[PDB]
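Enquirer: Below is a structure I'd like to ask you about.
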Amino acid sequence: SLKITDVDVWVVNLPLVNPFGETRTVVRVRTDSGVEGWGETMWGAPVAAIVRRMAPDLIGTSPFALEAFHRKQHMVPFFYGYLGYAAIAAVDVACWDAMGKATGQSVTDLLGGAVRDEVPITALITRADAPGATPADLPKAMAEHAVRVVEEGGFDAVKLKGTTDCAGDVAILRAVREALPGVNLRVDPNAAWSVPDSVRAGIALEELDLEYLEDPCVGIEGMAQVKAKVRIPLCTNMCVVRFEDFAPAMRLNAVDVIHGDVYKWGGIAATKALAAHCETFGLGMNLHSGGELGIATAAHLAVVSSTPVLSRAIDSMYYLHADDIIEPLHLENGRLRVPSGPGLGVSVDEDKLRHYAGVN
């Protein structure tokens, strides 16, 4: 039968360090077989509250009954939005971990098997990296920092956090590109630019051959307008964040690349599904990072490892991790190695978990 006996939730605070704090919700699914599954998702109090309100509904169910579980909680995201999907995702991941353990198989092998064993990641640079720089000096300052990060980290891709200062972002990107001719370069204004400014800036950025322009403006409508004029692949993890957004986005030709994210889409199967959708519509795909630590990153690595279309250097703030409730993942020369053991391939230190829950 394999039934779930307990669902426990902890909210923890872990330190972060830039080699060049954060709050997360952790969930444990216990089964009458002795097998335990772990999951980690974003934020604390509010997400932890949603999971506990769903816990009673999981007692007595099989961790293998994910389809039944998701259908049962389909209205949760309707009311709780992003946090709803994130709460669901934590439970989703814990069940997959439990499934791998119950079958003695890696989550990767339960998702189709590995097609790649190493997962390249991206280096994020923000203006906060050049505190002293003045407007006229900021570009050179960022380029120098970019070069340092790339050589010290071995990153295949670099991503700039854009601001409402379009002209300034463009100035920075030009400097970075001139200093790093062969790196995959991206910019993410987080929908801070207006459509008219996105077109003007986009046109100016075409000569830099960026891997993609990420969320320059808000909405499917605005994004479609940018795509119609700017000759740069357009990416998003803001205007298409659920399947209900997919069909409309495709009919309006709003994007060229979509960012997957288990914690944003509610689970592993949904993300594998999204990968299928992207291939069908000739869209590129990558994964977005919302501060995942070891457990969460492990789930993502299993997805990337078993998914052909995820051939790009993913976004990952995992290189900022210090102490974690599990053993450090293998991050070397800009790439993360996909864990090998049963389930997610990670072991959780409960003492530390209890410790960091007290910090929170």
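Just so we're on the same page: first chain in the structure tokens is A, next is B, and so on; residues restart at 1 for each chain, and ligands are numbered from 1 in the order they show up.
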Pick out the residues sitting within 6 Å of range 185-196 of chain A, and hand them over as a PyMOL selection string; count only C-alpha atoms, and ignore anything fewer than 4 positions along from it in its own chain.

Expert: chain A and resi 157-164+210-218+222

Enquirer: Wanna dump the range 59-146 of chain A-range 254-262 of chain A contacts at 12 Å for me, each residue with its shortest atom pair and the distance in Å to one decimal, counting only C-alpha atoms, ordered by chain and number, as a Markdown table?

Expert:
```
| residue | atom | partner | partner_atom | distance |
| --- | --- | --- | --- | --- |
| A:82 | CA | A:262 | CA | 11.4 |
| A:85 | CA | A:262 | CA | 8.7 |
| A:86 | CA | A:262 | CA | 7.9 |
| A:87 | CA | A:262 | CA | 10.7 |
| A:88 | CA | A:262 | CA | 9.7 |
| A:89 | CA | A:262 | CA | 6.4 |
| A:90 | CA | A:262 | CA | 8.9 |
| A:91 | CA | A:262 | CA | 11.2 |
| A:92 | CA | A:262 | CA | 9.1 |
| A:93 | CA | A:262 | CA | 8.6 |
```

Enquirer: Write a file of the just-selected residues containing C-alpha atoms, as an mmCIF file, in the first residue's frame.

Expert:
```cif
data_model
loop_
_atom_site.group_PDB
_atom_site.id
_atom_site.type_symbol
_atom_site.label_atom_id
_atom_site.label_comp_id
_atom_site.auth_asym_id
_atom_site.auth_seq_id
_atom_site.Cartn_x
_atom_site.Cartn_y
_atom_site.Cartn_z
ATOM 1 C CA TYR A 82 2.560 31.858 -6.372
ATOM 2 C CA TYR A 85 2.090 26.577 -6.266
ATOM 3 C CA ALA A 86 5.218 26.738 -4.086
ATOM 4 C CA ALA A 87 3.497 25.008 -1.149
ATOM 5 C CA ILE A 88 2.203 22.292 -3.464
ATOM 6 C CA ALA A 89 5.641 21.925 -5.080
ATOM 7 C CA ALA A 90 7.309 21.221 -1.705
ATOM 8 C CA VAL A 91 4.918 18.316 -1.107
ATOM 9 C CA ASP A 92 5.296 17.224 -4.726
ATOM 10 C CA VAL A 93 9.075 17.009 -4.387
#
```

Enquirer: I need the residues in range 66-256 of chain A that are strand (DSSP E) according to DSSP; give them as a PyMOL selection string.

Expert: chain A and resi 118-125+157-161+184-188+212-214+234-236

Enquirer: Go ahead and write the selection's residues with C-alpha atoms as a compact mmCIF listing (two decimals), in the first residue's frame.

Expert:
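Once written, again.txt looks like this:
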```
# COMPACT_ATOMS: atom_id res chain seq x y z
CA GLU A 118 26.54 17.97 -15.65
CA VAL A 119 24.39 21.08 -15.35
CA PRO A 120 25.95 24.46 -16.24
CA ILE A 121 24.80 27.47 -14.20
CA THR A 122 24.69 31.24 -14.70
CA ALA A 123 26.49 34.06 -12.91
CA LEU A 124 24.29 36.99 -11.88
CA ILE A 125 25.72 40.50 -11.78
CA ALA A 157 26.73 32.45 -19.06
CA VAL A 158 26.30 35.84 -17.41
CA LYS A 159 23.08 37.63 -16.56
CA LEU A 160 22.64 41.31 -15.71
CA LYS A 161 19.83 42.44 -13.40
CA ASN A 184 26.38 33.81 -23.28
CA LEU A 185 24.98 37.16 -22.14
CA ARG A 186 21.48 37.95 -20.81
CA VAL A 187 19.61 40.85 -19.18
CA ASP A 188 16.63 40.69 -16.82
CA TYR A 212 18.02 36.35 -24.63
CA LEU A 213 16.24 39.40 -23.29
CA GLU A 214 14.42 38.33 -20.13
CA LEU A 234 12.61 36.92 -25.71
CA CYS A 235 12.38 34.99 -22.43
CA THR A 236 9.94 35.02 -19.51
```

Enquirer: I need the residue nearest residue 28 in chain A from this list: A:70, A:308, A:95, A:83. Use only C-alpha atoms for the distance.

Expert: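 Closest to residue 28 in chain A, using only C-alpha atoms: A:95.
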
Enquirer: Quick one: everything within 6 Å of range 9-17 of chain A, counting only C-alpha atoms, minus sequence neighbours fewer than 2 positions away in the same chain. Send it as a short mmCIF file (atom, residue, chain, number, x, y, z; two decimals) with N, CA and C atoms, in the first residue's frame.

Expert:
```cif
data_model
loop_
_atom_site.label_atom_id
_atom_site.label_comp_id
_atom_site.auth_asym_id
_atom_site.auth_seq_id
_atom_site.Cartn_x
_atom_site.Cartn_y
_atom_site.Cartn_z
N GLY A 21 20.74 36.82 4.35
CA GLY A 21 20.17 35.55 4.73
C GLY A 21 18.96 35.19 3.89
N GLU A 22 18.51 33.94 4.00
CA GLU A 22 17.36 33.48 3.23
C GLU A 22 16.42 32.58 4.03
N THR A 23 15.12 32.67 3.73
CA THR A 23 14.13 31.86 4.42
C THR A 23 13.51 30.84 3.47
N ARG A 24 13.39 29.59 3.93
CA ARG A 24 12.83 28.51 3.13
C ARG A 24 11.94 27.60 3.98
N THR A 25 10.96 26.97 3.34
CA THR A 25 10.06 26.04 4.02
C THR A 25 10.48 24.62 3.64
N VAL A 26 10.68 23.77 4.64
CA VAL A 26 11.08 22.38 4.39
C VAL A 26 9.96 21.44 4.82
N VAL A 27 9.71 20.42 4.02
CA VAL A 27 8.65 19.46 4.31
C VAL A 27 9.17 18.03 4.32
N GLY A 44 8.62 31.53 4.08
CA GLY A 44 8.36 30.87 5.34
C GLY A 44 6.91 30.78 5.79
N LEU A 320 25.74 30.70 -3.89
CA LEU A 320 25.71 31.62 -2.76
C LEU A 320 25.44 30.89 -1.46
N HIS A 321 25.35 29.57 -1.53
CA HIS A 321 25.04 28.79 -0.34
C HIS A 321 26.22 28.64 0.60
N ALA A 322 25.90 28.64 1.89
CA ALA A 322 26.88 28.45 2.94
C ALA A 322 26.44 27.13 3.57
N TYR A 356 18.19 25.68 12.44
CA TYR A 356 17.79 26.80 11.61
C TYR A 356 16.33 27.17 11.67
N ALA A 357 15.51 26.31 12.27
CA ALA A 357 14.10 26.61 12.42
C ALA A 357 14.01 27.54 13.62
N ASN A 360 14.94 31.09 12.57
CA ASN A 360 13.78 31.74 11.97
C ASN A 360 12.88 32.21 13.12
#
```

Enquirer: Just the residues within 9 Å of residue 97 in chain A, please, counting only C-alpha atoms, with nothing from its chain fewer than 5 positions along; format it as a PyMOL selection string.

Expert: chain A and resi 36-39+92+102+106-107+299+342-345

Enquirer: Rounded to one decimal in Å, what is the spacing between CA of residue 137 in chain A and CA of residue 170 in chain A?

Expert: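 Interatomic distance, CA of residue 137 in chain A to CA of residue 170 in chain A: 13.7 Å.
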
Enquirer: If we count only C-alpha atoms, what is near residue 58 in chain A at a cut-off of 9 Å, once residues fewer than 2 positions away on the same chain are taken out, given as a list in words?

Expert: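 Here the answer would be residues 3, 4, 5, 6, 7, 54, 55, 56, 60, 61, 62, 63 and 69 of chain A.
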
Enquirer: Atoms to include: C-alpha atoms. Write the selected residues as a PDB file, in the first residue's frame.

Expert:
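Printed below is result-v4.pdb as written:
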```pdb
ATOM      1  CA  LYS A   3       0.640   5.181   2.877  1.00  0.00           C
ATOM      2  CA  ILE A   4       1.655   8.581   4.169  1.00  0.00           C
ATOM      3  CA  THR A   5       1.689   8.653   7.970  1.00  0.00           C
ATOM      4  CA  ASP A   6       3.014  12.147   8.612  1.00  0.00           C
ATOM      5  CA  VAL A   7       3.611  15.501   6.931  1.00  0.00           C
ATOM      6  CA  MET A  54      -3.139  20.470   3.076  1.00  0.00           C
ATOM      7  CA  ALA A  55      -1.426  17.942   5.377  1.00  0.00           C
ATOM      8  CA  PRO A  56      -4.595  16.333   6.766  1.00  0.00           C
ATOM      9  CA  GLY A  60      -3.395   7.680   4.348  1.00  0.00           C
ATOM     10  CA  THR A  61      -2.595   8.372   0.702  1.00  0.00           C
ATOM     11  CA  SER A  62       0.170   6.860  -1.392  1.00  0.00           C
ATOM     12  CA  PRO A  63       3.097   9.156  -2.252  1.00  0.00           C
ATOM     13  CA  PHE A  69      -3.096  15.021  -5.069  1.00  0.00           C
TER      14      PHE A  69
END
```

Enquirer: May I ask which of the residues A:266, A:43, A:18, A:109 is the closest one to residue 128 in chain A, counting only C-alpha atoms?

Expert: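 The shortest atom-to-atom distance to residue 128 in chain A comes from A:18.
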
Enquirer: Name the residues in contact with range 251-253 of chain A at a cut-off of 9 Å, using only C-alpha atoms, excluding same-chain residues fewer than 6 positions from it; report them as a ChimeraX atom specification.

Expert: /A:220-221,223-225,227-228

Enquirer: Determine which residues of range 187-259 of chain A receive a DSSP assignment of helix (DSSP H, G or I), computed from the backbone, and state them as an mmCIF file with N, CA, C and O atoms, in the first residue's frame.

Expert:
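Writing done, so here's result_9.cif:
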```cif
data_model
loop_
_atom_site.group_PDB
_atom_site.id
_atom_site.type_symbol
_atom_site.label_atom_id
_atom_site.label_comp_id
_atom_site.auth_asym_id
_atom_site.auth_seq_id
_atom_site.Cartn_x
_atom_site.Cartn_y
_atom_site.Cartn_z
ATOM 1 N N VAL A 195 7.013 49.358 -22.644
ATOM 2 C CA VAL A 195 7.149 48.733 -23.951
ATOM 3 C C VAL A 195 7.977 49.590 -24.914
ATOM 4 O O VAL A 195 8.867 49.071 -25.593
ATOM 5 N N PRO A 196 7.695 50.908 -24.988
ATOM 6 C CA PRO A 196 8.452 51.788 -25.887
ATOM 7 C C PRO A 196 9.945 51.802 -25.553
ATOM 8 O O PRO A 196 10.783 51.829 -26.451
ATOM 9 N N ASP A 197 10.271 51.801 -24.263
ATOM 10 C CA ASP A 197 11.672 51.794 -23.851
ATOM 11 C C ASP A 197 12.300 50.427 -24.099
ATOM 12 O O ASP A 197 13.508 50.330 -24.320
ATOM 13 N N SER A 198 11.484 49.375 -24.064
ATOM 14 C CA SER A 198 11.983 48.024 -24.313
ATOM 15 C C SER A 198 12.369 47.870 -25.781
ATOM 16 O O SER A 198 13.346 47.192 -26.108
ATOM 17 N N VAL A 199 11.599 48.500 -26.662
ATOM 18 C CA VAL A 199 11.862 48.449 -28.097
ATOM 19 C C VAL A 199 13.143 49.223 -28.417
ATOM 20 O O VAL A 199 14.012 48.724 -29.130
ATOM 21 N N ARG A 200 13.253 50.440 -27.882
ATOM 22 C CA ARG A 200 14.431 51.275 -28.110
ATOM 23 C C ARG A 200 15.693 50.590 -27.586
ATOM 24 O O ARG A 200 16.690 50.488 -28.296
ATOM 25 N N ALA A 201 15.645 50.102 -26.353
ATOM 26 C CA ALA A 201 16.800 49.428 -25.768
ATOM 27 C C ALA A 201 17.099 48.120 -26.501
ATOM 28 O O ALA A 201 18.254 47.824 -26.791
ATOM 29 N N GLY A 202 16.051 47.348 -26.795
ATOM 30 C CA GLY A 202 16.213 46.083 -27.488
ATOM 31 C C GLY A 202 16.925 46.261 -28.811
ATOM 32 O O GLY A 202 17.838 45.507 -29.151
ATOM 33 N N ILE A 203 16.507 47.271 -29.562
ATOM 34 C CA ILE A 203 17.125 47.557 -30.844
ATOM 35 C C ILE A 203 18.618 47.848 -30.641
ATOM 36 O O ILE A 203 19.462 47.359 -31.392
ATOM 37 N N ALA A 204 18.938 48.627 -29.613
ATOM 38 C CA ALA A 204 20.324 48.969 -29.318
ATOM 39 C C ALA A 204 21.145 47.759 -28.869
ATOM 40 O O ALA A 204 22.362 47.731 -29.048
ATOM 41 N N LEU A 205 20.481 46.756 -28.298
ATOM 42 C CA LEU A 205 21.168 45.562 -27.812
ATOM 43 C C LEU A 205 21.372 44.466 -28.856
ATOM 44 O O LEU A 205 22.149 43.532 -28.636
ATOM 45 N N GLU A 206 20.680 44.572 -29.986
ATOM 46 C CA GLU A 206 20.798 43.568 -31.040
ATOM 47 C C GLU A 206 22.239 43.331 -31.486
ATOM 48 O O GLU A 206 22.597 42.221 -31.855
ATOM 49 N N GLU A 207 23.067 44.369 -31.464
ATOM 50 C CA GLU A 207 24.456 44.213 -31.897
ATOM 51 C C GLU A 207 25.335 43.432 -30.912
ATOM 52 O O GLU A 207 26.487 43.120 -31.219
ATOM 53 N N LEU A 208 24.788 43.099 -29.745
ATOM 54 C CA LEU A 208 25.532 42.358 -28.724
ATOM 55 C C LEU A 208 25.241 40.848 -28.752
ATOM 56 O O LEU A 208 25.848 40.073 -28.008
ATOM 57 N N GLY A 219 3.353 41.778 -18.848
ATOM 58 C CA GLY A 219 2.293 41.185 -19.646
ATOM 59 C C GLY A 219 2.560 40.561 -21.001
ATOM 60 O O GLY A 219 3.496 40.921 -21.712
ATOM 61 N N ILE A 220 1.695 39.620 -21.356
ATOM 62 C CA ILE A 220 1.777 38.927 -22.630
ATOM 63 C C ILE A 220 1.641 39.949 -23.753
ATOM 64 O O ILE A 220 2.331 39.857 -24.768
ATOM 65 N N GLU A 221 0.753 40.922 -23.562
ATOM 66 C CA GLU A 221 0.530 41.962 -24.565
ATOM 67 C C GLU A 221 1.810 42.745 -24.844
ATOM 68 O O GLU A 221 2.241 42.856 -25.991
ATOM 69 N N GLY A 222 2.407 43.290 -23.793
ATOM 70 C CA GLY A 222 3.627 44.055 -23.959
ATOM 71 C C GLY A 222 4.749 43.226 -24.562
ATOM 72 O O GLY A 222 5.431 43.675 -25.474
ATOM 73 N N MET A 223 4.934 42.011 -24.051
ATOM 74 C CA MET A 223 5.991 41.128 -24.541
ATOM 75 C C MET A 223 5.831 40.793 -26.025
ATOM 76 O O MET A 223 6.818 40.728 -26.761
ATOM 77 N N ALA A 224 4.594 40.577 -26.461
ATOM 78 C CA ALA A 224 4.341 40.262 -27.862
ATOM 79 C C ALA A 224 4.778 41.457 -28.713
ATOM 80 O O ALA A 224 5.346 41.288 -29.788
ATOM 81 N N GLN A 225 4.517 42.664 -28.219
ATOM 82 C CA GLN A 225 4.900 43.871 -28.948
ATOM 83 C C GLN A 225 6.421 43.974 -29.070
ATOM 84 O O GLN A 225 6.942 44.353 -30.117
ATOM 85 N N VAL A 226 7.138 43.632 -28.004
ATOM 86 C CA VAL A 226 8.590 43.700 -28.057
ATOM 87 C C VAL A 226 9.115 42.691 -29.077
ATOM 88 O O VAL A 226 9.974 43.017 -29.890
ATOM 89 N N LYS A 227 8.576 41.477 -29.035
ATOM 90 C CA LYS A 227 8.972 40.400 -29.946
ATOM 91 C C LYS A 227 8.745 40.771 -31.410
ATOM 92 O O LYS A 227 9.522 40.393 -32.285
ATOM 93 N N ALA A 228 7.690 41.525 -31.676
ATOM 94 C CA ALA A 228 7.385 41.918 -33.044
ATOM 95 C C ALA A 228 8.427 42.862 -33.646
ATOM 96 O O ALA A 228 8.620 42.886 -34.857
ATOM 97 N N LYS A 229 9.112 43.624 -32.800
ATOM 98 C CA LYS A 229 10.095 44.591 -33.285
ATOM 99 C C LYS A 229 11.571 44.294 -33.020
ATOM 100 O O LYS A 229 12.425 44.602 -33.854
ATOM 101 N N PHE A 243 0.068 26.929 -16.957
ATOM 102 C CA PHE A 243 -0.458 26.482 -18.238
ATOM 103 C C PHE A 243 -1.597 27.331 -18.797
ATOM 104 O O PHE A 243 -1.716 27.463 -20.008
ATOM 105 N N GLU A 244 -2.413 27.925 -17.930
ATOM 106 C CA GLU A 244 -3.510 28.765 -18.404
ATOM 107 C C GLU A 244 -2.986 29.942 -19.226
ATOM 108 O O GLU A 244 -3.733 30.539 -19.999
ATOM 109 N N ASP A 245 -1.703 30.263 -19.054
ATOM 110 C CA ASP A 245 -1.062 31.363 -19.783
ATOM 111 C C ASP A 245 -0.449 30.908 -21.103
ATOM 112 O O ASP A 245 -0.195 31.719 -21.987
ATOM 113 N N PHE A 246 -0.197 29.610 -21.224
ATOM 114 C CA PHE A 246 0.459 29.085 -22.410
ATOM 115 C C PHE A 246 -0.221 29.312 -23.760
ATOM 116 O O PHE A 246 0.369 29.915 -24.648
ATOM 117 N N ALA A 247 -1.441 28.806 -23.919
ATOM 118 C CA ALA A 247 -2.173 28.954 -25.174
ATOM 119 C C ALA A 247 -2.242 30.418 -25.612
ATOM 120 O O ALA A 247 -1.899 30.744 -26.745
ATOM 121 N N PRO A 248 -2.692 31.318 -24.722
ATOM 122 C CA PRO A 248 -2.762 32.729 -25.112
ATOM 123 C C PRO A 248 -1.394 33.275 -25.555
ATOM 124 O O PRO A 248 -1.296 33.974 -26.560
ATOM 125 N N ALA A 249 -0.340 32.946 -24.812
ATOM 126 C CA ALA A 249 1.000 33.419 -25.155
ATOM 127 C C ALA A 249 1.437 32.924 -26.535
ATOM 128 O O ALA A 249 2.101 33.645 -27.280
ATOM 129 N N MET A 250 1.077 31.694 -26.870
ATOM 130 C CA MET A 250 1.449 31.149 -28.167
ATOM 131 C C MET A 250 0.653 31.823 -29.278
ATOM 132 O O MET A 250 1.213 32.212 -30.294
ATOM 133 N N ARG A 251 -0.652 31.974 -29.087
ATOM 134 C CA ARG A 251 -1.464 32.601 -30.127
ATOM 135 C C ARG A 251 -1.074 34.054 -30.375
ATOM 136 O O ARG A 251 -1.235 34.563 -31.484
#
```

Enquirer: For the atom pair CA of residue 68 in chain A and CA of residue 306 in chain A, what is the interatomic distance in Å to one decimal place?

Expert: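 Calculated distance between CA of residue 68 in chain A and CA of residue 306 in chain A is 23.7 Å.
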
Enquirer: Just the number, please: distance in Å from CA of residue 149 in chain A to CA of residue 346 in chain A, one decimal.

Expert: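 Between CA of residue 149 in chain A and CA of residue 346 in chain A the gap works out to 28.2 Å.
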
Enquirer: Which residues are close to residue 64 in chain A, i.e. within 9 Å by only C-alpha atoms, leaving aside same-chain residues fewer than 4 positions away? Reply as number ranges by chain.

Expert: A: 2, 95-96, 98-99
